[PDB]
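Asks:
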Amino acid sequence: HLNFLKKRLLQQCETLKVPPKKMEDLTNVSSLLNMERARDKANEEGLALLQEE
Amino acid sequence: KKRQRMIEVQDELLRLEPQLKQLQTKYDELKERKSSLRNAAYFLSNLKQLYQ
Numbered sequence: 109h110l111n112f113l114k115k116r117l118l119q120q121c122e123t124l125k126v127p128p129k130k131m132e133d134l135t136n137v138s139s140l141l142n143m144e145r146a147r148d149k150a151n152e153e154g155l156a157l158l159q160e161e
Numbered sequence: 315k316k317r318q319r320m321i322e323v324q325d326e327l328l329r330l331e332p333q334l335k336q337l338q339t340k341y342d343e344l345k346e347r348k349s350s351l352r353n354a355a356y357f358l359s360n361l362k363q364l365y366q
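First to last, the sequence lines map onto chains Q and U. Add 108 to a position in the first sequence, counting from 1, and you land on the number used in the deposited numbering. Add 314 to a position in the second sequence, counting from 1, and you land on the number used in the deposited numbering.
1) At a Cβ threshold of 9 angstroms, is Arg347/U touching chain Q?
2) From the beta carbon of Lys335/U, is the nearest beta carbon of chain Q less than 9 angstroms away?
3) Is there at least one Cβ from chain Q nearer than 9 angstroms to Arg317/U's Cβ?
4) In the DSSP assignment, find the unbroken alpha helix (DSSP H) run with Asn136/Q in it and report its ends.
5) Can you find a C-beta in chain U that's less than 9 angstroms from the C-beta of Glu161/Q?
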């Protein structure tokens, strides 16, 4: 029954329509988030130092 | 964008300092010049009238 309802949900997702969007694979979500957090902090502190000077 | 602003402000300060330097030198030399001139004039007139 689980595989049956899974295939049924696959069909229901196939019949659905949605405006297009774009992204990449799901394995690199947390890594990219951490890199973006680090880059944001670095850019913020650099901009703060430059502004103080 | 902010890097260039920092660079140009540093350039402005480096260009502006020596004018202040030279103005200060001219001022504090002209002051003592005038003072010495006045003192010399006073002493010369005093001695002139004294001998007269």
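Even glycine gets a Cβ: it sits at the ideal position worked out from N, Cα and C.
Replies: Considering the structure as presented:
1) Taking the first residue of the second sequence as 1, we reach residue 347/U at position 33. No - not a single Cβ of chain Q is within 9 angstroms of the one on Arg347/U.
2) Position 21 of the second sequence, counted from the first residue, corresponds to residue 335/U. No, because no Cβ of chain Q sits closer than 9 angstroms to the Cβ of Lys335/U.
3) Start at 1 with the first residue of the second sequence, and residue 317/U comes out as number 3. For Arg317/U, the answer is yes, since a Cβ of chain Q falls inside 9 angstroms of its Cβ.
4) As a working mapping, residue 136/Q is identified with position 28 in the first sequence. Segment: none, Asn136/Q is in no alpha helix (DSSP H) and carries neither H nor E.
5) Within the first sequence, residue 161/Q is the residue found at index 53, counting from 1. For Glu161/Q, the nearest CB of chain U lies under 9 angstroms from its own CB, placing it at the interface with that chain.
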